[PDB]
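Visitor: how would this look folded up:
(8 chains)
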Amino acid sequence: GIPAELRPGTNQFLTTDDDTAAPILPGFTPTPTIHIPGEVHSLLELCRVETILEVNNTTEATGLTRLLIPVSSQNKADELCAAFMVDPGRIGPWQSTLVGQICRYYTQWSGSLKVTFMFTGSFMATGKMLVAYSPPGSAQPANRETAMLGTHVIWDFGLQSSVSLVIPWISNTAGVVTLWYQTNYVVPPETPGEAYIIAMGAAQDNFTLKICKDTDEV
Amino acid sequence: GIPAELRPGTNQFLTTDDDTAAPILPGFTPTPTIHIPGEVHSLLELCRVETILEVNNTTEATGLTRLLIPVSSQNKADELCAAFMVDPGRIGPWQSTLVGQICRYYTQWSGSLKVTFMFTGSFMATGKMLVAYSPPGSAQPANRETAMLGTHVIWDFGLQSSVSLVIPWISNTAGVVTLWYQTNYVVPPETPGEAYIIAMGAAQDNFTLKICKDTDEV
Amino acid sequence: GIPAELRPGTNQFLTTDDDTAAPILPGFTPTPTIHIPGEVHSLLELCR
Amino acid sequence: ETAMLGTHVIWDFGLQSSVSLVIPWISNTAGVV
Amino acid sequence: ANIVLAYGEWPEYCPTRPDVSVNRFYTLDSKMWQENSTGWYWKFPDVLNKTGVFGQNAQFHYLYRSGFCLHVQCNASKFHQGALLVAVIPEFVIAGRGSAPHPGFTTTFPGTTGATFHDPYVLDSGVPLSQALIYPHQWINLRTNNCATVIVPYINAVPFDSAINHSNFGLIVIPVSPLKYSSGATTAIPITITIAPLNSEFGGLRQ
Amino acid sequence: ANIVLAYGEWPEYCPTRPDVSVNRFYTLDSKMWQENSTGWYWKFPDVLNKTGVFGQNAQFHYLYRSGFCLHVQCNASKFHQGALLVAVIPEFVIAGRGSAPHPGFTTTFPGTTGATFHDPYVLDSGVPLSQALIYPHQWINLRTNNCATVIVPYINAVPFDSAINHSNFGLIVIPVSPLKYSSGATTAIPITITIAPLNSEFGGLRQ
Amino acid sequence: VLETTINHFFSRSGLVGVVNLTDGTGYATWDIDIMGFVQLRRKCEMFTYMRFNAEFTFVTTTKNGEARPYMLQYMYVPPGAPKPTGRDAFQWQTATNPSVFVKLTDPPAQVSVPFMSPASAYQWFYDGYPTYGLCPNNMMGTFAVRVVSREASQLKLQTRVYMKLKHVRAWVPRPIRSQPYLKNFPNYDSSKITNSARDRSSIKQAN
Amino acid sequence: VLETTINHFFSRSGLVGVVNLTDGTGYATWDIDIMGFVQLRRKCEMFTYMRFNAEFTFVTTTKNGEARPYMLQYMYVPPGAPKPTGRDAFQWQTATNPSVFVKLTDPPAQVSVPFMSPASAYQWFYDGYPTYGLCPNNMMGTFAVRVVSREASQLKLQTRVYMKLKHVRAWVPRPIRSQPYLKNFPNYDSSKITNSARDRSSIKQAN
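Guide: Residues are numbered from 1 along each chain as shown, chains lettered A, B, ... in the order given. Please find the structure below.
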C-alpha cells in the first residue's frame, strides 16, 4: 500500500509516447539474426548517394527524356543551357532525386549539397561548359560573365567527362545552378550534333534533418 | 504521493501476460517435493522417442492392421511396397505417431527426422529392401533405380532386422520415404509367404518448435 | 509521471490477502509488552 | 550457348587484337574450333 | 542382454523390508499367443497379491513400496513369425466402452491370470496404441530375441500406498504383428513372465 | 578498373560446394542496343538455370546459395554516343500495368534471353528510374569506359533458397541517353554480360 | 529452447468454465476441474503427475453486456469445506473461505490457488479403488458467486473463468488421446472408433 | 543524429485499419497488414528487409461517441491458426490465441507482437513464386473483436487500430514509389503515369 497519486496525463493514449507494452507472447524468442549485407542505420546514409535530377521536367517531354539536359552544336557561346534551383524540399527537379524525397519526410534540413554532371556525347566530340552556383537571395544571372564571378567550375568534355560542384551550404531565395555554353559543342563530321547531360545530386557529411512530417506525394 | 500516470494498457486482462497474482492462501506451504522418476522438462524429450507410423492407413483396414506394411513373396522385384510423406504436421501416417501429434500443437518446426523400419518375419525368411528418401519438391519416384540415386539405405533382413534412415532436414513439397522390393521375399517351405514391416518415427537433437497453437483433433 | 499500468486484480478486496493498511492513529505507540507467562506460538503446543 | 559451356575464350577486338587458345591435348572424332 | 532401465531409475530403499523370499522370482502362468489373439495386461500389485510370501505381506500390510525386475519371454520356433510389444504403463486405467458402464473387478484387477484386451488399438483406454512406445517398452521379435527385461522402480506421487486397492503400473503385451505359421506348427505359442520385487518395504501390519 | 563491391560485401561460404566448373564464366547472348531501345532485365537464378553444370545443379538441388561476379561490356565505337545504367536490384519484382493483370512467366522469369522494359521510366515497378542509383550501380559511357564490373554477394533473409522458384536479384541495363549515330554507322551495338558464380553451395539433391 | 518447455507449454490462460447467475437461485457454484473442456483435458492427460499453481480470472458480464456497478463476491471453498446452499446461507460469511469482493465495472478478479493436494503431485489417472478410479487427491476446491445485497435484485449474470498454470512440473508422459471424450472417466465408444490417421487411396501413393 | 535513424524514422503510432462491429454479424476481423494505408506503405517499401516488433492500440468507439461500460475481447490469431467465423464460434475460446478483455470505458488496449516470421527478416518485395510474388513469410497474424455477452446486444461499434514499430532494423534500401498505388501488388497504370517532377515553363528558367 505505497502512497501514489495519479498525476495528470494518465488515462490517455499518447501516440508519440515511447513507453513499453505487454508482449502478446512473453518468453517467445524470435528468429536469430543472420548477416544480411546492406544494413542501414540512418536516412543520411541514403541521402549521401548520387541520384538523377529531372532538370528537363518541362512540358512536351516523354518519360526518359525528362532526365536529360539537351546540348547541341547549333547553340552560340555565352548562352544558357539549363538552370535549376538548389533547394530539394520544394517541388521541381529535386522532386525526382532521393535526397529531395527523403527531405520531404522532414521539415528542416541544413548542409552542403553535391551536384554532379555527367556528359553523354561522342568521344570525338568535345566542348566547354560553365557550371555556376548563384548563392541564395540573388536572382538568376542573365549573362555568362556575371555568373562567372561567383562560385563556378570550368568543365572541359575532352578531359573530364563528369564534373562535381560542392554547394557550400543551404537551408530551408534558394540558390540556382546554371549551365552555360562557354565556347561551343564542336563535332567531327559524320557524328551527331546533339548530345545530352544528366544531372545527379546528393548530400554531404554536413547534412542533418530535423522534425519529421508526412509527405504530400501520396 | 509519488507521481505516476496510468499508461495505456491498464484496466485490461491480457490472457498471455506473465504477471503475478495475489495468492488465495498466503504463507501456506505446499507438500514438499519428492523424487518421482520420469521427470520431463521439454516437449523435445517427448519428441525424440520412436513411435509407430500408421503407414497402412488406407481403407478396408481394421485397427491393428493399419500399422503394418504388408510384404509378400508373390511380389516382383523393382516394385513399390509402401510410400509415405515425411512432414509430420500434415495429416496422414504421421497423424498416429507422437512427434506428429506434438508438432500439431505448434505452428513451425525444423530439424532432422529419424525413420526406423523393423521386420517381423520368420527367422528362416530373408530378403532385401531399398529404403529411399526423396528430398522435398521432387515427385514420388516411379522406378526403383531413380529412387536408388538419391539418399537410400540397402536393408537386408538376414543380417539386420531393424534399419534406420536419418532424414537430413525438414521444415513446415514435403519429402517422400519409399519402400522398394529390391530383390524378393524368399521363404523356405512350410513357412508363411507374407510378412509385415512396422514403421516408427522420431526426432533428433536438431528439432525445434516455434509458436504454439490449438489442435483440430478434438 | 512514472509509467504504470493497472494489472488485473486491482480494485478488488481479497479477504485472504496479506497486505498492509493505513493506520488510524499513525505514530501512536501501544502499551509496552510485559512478560506474561504461558506464551503460545503454535497450535501444536496446544495439541501435545 | 552450347559452345560457350565448354572451353572458350571471350575475344574483344578493342582491347586485344590477337588471342590465344591452348588446346589441352590431341592425338591421332578430332576436336573442333 | 535386452536390459532396460525404466526412466533410468532403479527400485530403491527409502517399514519392514523382508527381502529374503519376497524378492524371489515368481513366474505367472504362460499365455497362449494365438493367431486371433488381441493381447493381455497385468496390474502388478494385484498380480502378486496371493503368491506366497509377497501375497501374505501385501494383503496383511497397509502400506507397501517396491520396484520390480520383469522378464517376459516368448518361446517360439524359427518357423514362427510375429512381433510383441512389452510396455509397462504407470497407472494403467482400464476404461469402459459404453457409447456409462463401469467395467468390473475382473477387468480392472484381473489377478495373476491377467485379462485380455477387448480393443487393442485403443488400449482399452481411448489412447492409440501407436504412441504407446512413450512408456518403458521392449520389442519381442520372434526372428531376433525372446527375452524382454524391464526394471521398473517405484512410480508414485506418495512414498507408500496400499497394494490391494491401487495398481502401481500395468504390464501389457500386444501382438502388433499377428502370429503366422504354416501347417503342422504349434498353433499357440507361450509367453512367460517372471517377477522379481527388488527393494520391498511393508508397513502397517493389519490382521 | 571499374571494380564495384555491392554493399562492400563479398560472396562467401557458410551443402555441396562444387566450385570446379560451376564457377566458370557464362556469357549470355549479346543484346542489340538500338535507338528505340528501352532496356532489358535479367533475373539471375533464372538466367543460369539451363547453362550446363550450374543449370544441372540448380534444377536438381533444392537449396542454393552463391554470390556473383558480373561483367557488362558494351562494344561501341568512338563515333557512337549514349549512356547505360547497369544496376543490380535485389528482389526485382516486375509489376503489372493494369489501369488486375498478373504478368506472365515470360516477363517475371525471362530466362537467359532476358526481357525488355515496357516502361523504363517507372522501372516496370512503379518506382521512378531516377532514384535507381540507390542500388549497386555502374555507369557505362561510350565516351569513357566499356566494362562495368559488379560483385554482388548473397542477399537473402534466409541462408538458402530454391534457385528455380525465387529470383535473388535482377540485373537491369537501361539506355538513359538514347543511342545516337550518323549515317553509315552500326545501327545496333551489342551489350555483353558474363557471369562468374563465386562461392556456390547446393543442397537437397532432387532427381 | 523456451517455447517447448513444460512451463511454457502450459502457461496460457483459457476458458475453463461458464457460470450463470440469475438473482430472481441467486447464486451459482462451479467446482474447480481441468477436464471441463476437451482442449485442456487433452493436454494435462498427456502426463501422469503434475504439480502447479492455478490462477483464476473471472470475466463476468450482464446478459446484454452493460455493467452497472453491482458488487460481487467470489468465494473459494477448499475441499472438505461445505459449499454454499443458498444466496443468504451461512457458508457465505465463513471467514476461512477466502473471498474476493469486486464490482461489475471493476477489472476482472484474479486469484492464485497454490498446489495444495494431500499428495506430492496431482494425477488424473488413478488405477484402483479409493471405469471408476477417481482420486479425491485432486479436488482443488470450488468457486461460488453471488451479488451481495440486503435485497435480492433482478440482475442476470454470466461468469467466465480463465485459468492459468505456472511453476508446473510433470512426470511420466503418456500418449495423447485420440478417441472422442465421453467428464472424469476415459470412456470411449466401442463401435465408433476413429482411426488416428485419415484414410488414403492406396499404400503406394505418397499423397 | 537521432531523428534520422531508422528506429526514429519508423517509431510513431498511426492508423493502420478501421474495423466495424454491428452486434445485430456480431464480430469483425482484421488481418494484420502494413500496406493497408498509402502513407505507411510508401515508407516500409523503401527497404527490402525489415525486422521489428509491432505495438497495436485499439481506440474503439460507439457510433455517437458515448461509451457504456461494455466488455470487449481482442483476440490475436497467429498465422496458421483458423480465424473465428461467428460471434459464438469455438475459436473465440481457444486458449492458444492470446486475448485481451477490456471495457469500452477503459483506456485503449495495447499489445506487443514480436518479430515472429519464419525467416530472419520481413520482406514485402518477393521475387518469385511460392504481379504475384506474394510471400507467406510475412502474415503477422490477425485481430478479431467481439462483445462478450450471454445475449447479443444491439450496440454498434467502430474500432481504430494504431500500430507502432520498435527495435526496427532495415536492409537493402530501394527507391520510394512515385506512381499511385493500385493492396499487395505494385501494380501501376500504364497510361496514367505521373512524372515525379512538376512541369515548368522552360528548362532555362530557374523557378
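Visitor: how many neighbours does the residue in chain G that chain F sits nearest to have?
Guide: Going by C-beta to the nearest C-beta, chain F is nearest to residue G:206 of chain G, at 13.9 Å. Just so you know, the C-beta spots here come from the backbone N, C-alpha and C atoms, and that holds for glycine as well. By other C-beta atoms under 10 Å in any protein chain shown, the residues close to residue G:206 number 21.
Visitor: I figured it hits residue B:82, correct?
Guide: No: checked against C-beta atoms under 8 Å, the pair residue G:206 and residue B:82 is beyond contact range at 9.5 Å.
Visitor: who touches both of the two?
Guide: Counting by C-beta atoms under 8 Å, 6 or more residues apart in numbering or on different chains, the shared contacts of residue G:206 and residue B:82 are residue B:178.
Visitor: quick one on the thing from earlier: tell me the spacing between the residue of chain G closest to chain F and chain A.
Guide: Residue G:206 sits 30 Å away from chain A, taking C-beta to the nearest C-beta, to the nearest Å as the criterion.
Visitor: does residue E:29 count as helix, strand or coil?
Guide: Put simply, residue E:29 is coil when judged by DSSP: H, G, I helix; E, B strand; the rest coil.
Visitor: ok, for it, nearest residue in space, not its chain neighbours?
Guide: Nearest non-adjacent residue to residue E:29, counting by C-beta to C-beta, 6 or more residues apart in numbering or on different chains: residue E:113, 6.5 Å away.
Visitor: can you count the residues close to that neighbour?
Guide: A count of nearby residues for residue E:113, using other C-beta under 10 Å, gives 12.
Visitor: and residue 125, what is it in contact with?
Guide: Going with chain A. Going by C-beta under 8 Å, 6+ apart, residue A:125 touches A:157, A:185, A:186, A:187, A:188, A:191, A:195, F:81.
Visitor: not quite, I wanted chain G
Guide: E:91, E:93, G:45, G:48, G:133, G:174, G:186.
Visitor: Wait, a helix at it?
Guide: No: the assignment for residue G:125 is coil, going by three-state DSSP, so no helix is present there.
Visitor: could you pull out the helices for chain A?
Guide: With helices called from DSSP state H, chain A shows them at A:43-47, A:99-102, A:144-149.
Visitor: which parts of the longest one are buried?
Guide: The reference is to helix A:144-149. Buried residues in helix A:144-149, defined by neighbour count with 16 or more other C-beta atoms under 10 Å in any protein chain shown: A:144, A:147.
Visitor: and it, what does it pack onto?
Guide: strand A:126-134, strand A:176-186 (3 or more C-beta pairs under 8 Å, 6 or more residues apart in numbering or on different chains; DSSP states H and E).
Visitor: Name the nearest residue to the residue of chain G most remote from its centre, ignoring sequence neighbours.
Guide: Distance from the C-alpha centroid of chain G, by C-alpha atoms, centre = their mean, peaks at residue G:204 (45.9 Å). Excluding its sequence neighbours, the residue lying closest to residue G:204 (C-beta to C-beta, 6+ apart) is residue B:80, at 4.8 Å.
Visitor: does the one you found really touch residue G:205, like I thought?
Guide: No: counting by C-beta under 8 Å, residue B:80 sits too far from residue G:205 to count as a contact (9.4 Å).
Visitor: The two: who's more crowded?
Guide: Set residue B:80 next to residue G:205 and count neighbours by other C-beta under 10 Å: residue B:80 wins out with 21 against 13.
Visitor: ok, that one to residue F:190 distance?
Guide: In this view, residue B:80 and residue F:190 are 53 Å apart by C-beta to C-beta, to the nearest Å.
Visitor: Over to residue A:75?
Guide: With C-beta to C-beta as the criterion, residue A:75 and residue F:190 are 33 Å apart.
Visitor: One more: residue E:138?
Guide: Counting by C-beta to C-beta - residue E:138 and residue F:190 are separated by 75 Å.
Visitor: now swap in residue G:2 and tell me
Guide: Taking C-beta to C-beta, one finds residue G:2 at 58 Å from residue F:190.
Visitor: Would it be right to say that residue E:107 lies in a strand?
Guide: No: Residue E:107: not assigned to a strand; according to three-state DSSP it is helix.
Visitor: other SSEs contacting the helix ranked longest in chain G?
Guide: Counting residues, the longest helix found in chain G (DSSP H) is helix G:38-44. Here helix G:38-44 touches helix G:6-10, strand G:14-21, going by 3+ C-beta pairs under 8 Å, 6+ apart.
Visitor: closest point of chain E to chain B, which residue?
Guide: For chain E, C-beta to the nearest C-beta, closest residue to chain B: residue E:121, 3.1 Å.
Visitor: List the contacts of the spatially closest residue to that residue that is not a sequence neighbour.
Guide: Excluding its sequence neighbours, the residue lying closest to residue E:121 (C-beta to C-beta, 6+ apart) is residue B:63, at 3.1 Å. Applying C-beta under 8 Å, 6+ apart to residue B:63 gives the contacts E:119, E:120, E:121, E:122, G:193, G:195.
Visitor: Looking at those residues, spot the one nearest chain C.
Guide: Nearest to chain C among the contacts of residue B:63 is residue E:122, at 41.8 Å by C-beta to the nearest C-beta.
Visitor: Check the gap between the closest one and chain H for me.
Guide: Remark: distance between residue E:122 and chain H (C-beta to the nearest C-beta) = 25 Å.
Visitor: what's the neighbour count on that residue?
Guide: 25.
Visitor: cool, and residue E:29?
Guide: Other residues near residue E:29 come to 11 when the count uses other C-beta under 10 Å.
Visitor: shouldn't it be in contact with residue E:111?
Guide: No: if you go by C-beta under 8 Å, residue E:29 and residue E:111 don't touch, sitting 10.3 Å apart.
Visitor: The chain: strands as residue ranges?
Guide: If you meant another chain, say so; for now it's chain A. All strands of chain A, identified by DSSP state E, fall at A:4-6, A:39-40, A:51-52, A:68-72, A:79-85, A:106-110, A:113-120, A:126-134, A:151-156, A:162-166, A:176-186, A:194-203, A:208-212.
Visitor: hmm, I had chain G in mind actually
Guide: Ranges of strands in chain G, per DSSP E, are G:14-21, G:27-31, G:49-62, G:71-77, G:99-103, G:109-113, G:122-123, G:142-147, G:157-171.
Visitor: Chain E too?
Guide: Going by DSSP E, chain E shows strands at E:3-5, E:26-27, E:31-33, E:40-43, E:61-65, E:68-74, E:81-90, E:115-116, E:137-141, E:147-152, E:169-180, E:189-196, E:201-205.
Visitor: quick revisit: by neighbours, which of the contacts of residue B:63 wins?
Guide: Each of the contacts of residue B:63 was scored for neighbours by other C-beta under 10 Å, and residue E:122 scores highest at 25 neighbours.
Visitor: residue contacts, that one?
Guide: The contact partners of residue E:122, taken as C-beta under 8 Å, 6+ apart, are B:63, E:128, E:129, G:178, G:179, G:188, G:193.
Visitor: looking at these, which has the most residues close by?
Guide: Neighbour tally across these (other C-beta under 10 Å): the maximum, 31 neighbours, falls on residue E:128.
Visitor: Pull the contacting residues for that residue.
Guide: B:96, E:121, E:122, G:175, G:178, G:196.
Visitor: Name the residues of chain A found near chain C, please.
Guide: Those residues of chain A that sit near chain C, judged by C-beta under 8 Å from any C-beta of the partner chain, are A:1, A:7, A:9, A:19, A:20, A:22.
Visitor: Mean neighbour count for the helices and strands packed on helix A:144-149 - can I get that in TSV?
Guide: Below are the helices and strands packed on helix A:144-149 laid out as TSV (neighbours: other C-beta atoms under 10 Å in any protein chain shown):
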stretch	mean neighbour count
strand A:126-134	21
strand A:176-186	20
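Visitor: which one of those lies closest to chain H?
Guide: For chain H, the closest of the helices and strands packed on helix A:144-149 is strand A:176-186, at 4.4 Å, according to C-beta to the nearest C-beta.
Visitor: does any bit of that closest one sit next to chain F?
Guide: No: counting by C-beta under 8 Å from any C-beta, chain F is not contacted by strand A:176-186; separation bottoms out at 11.5 Å.
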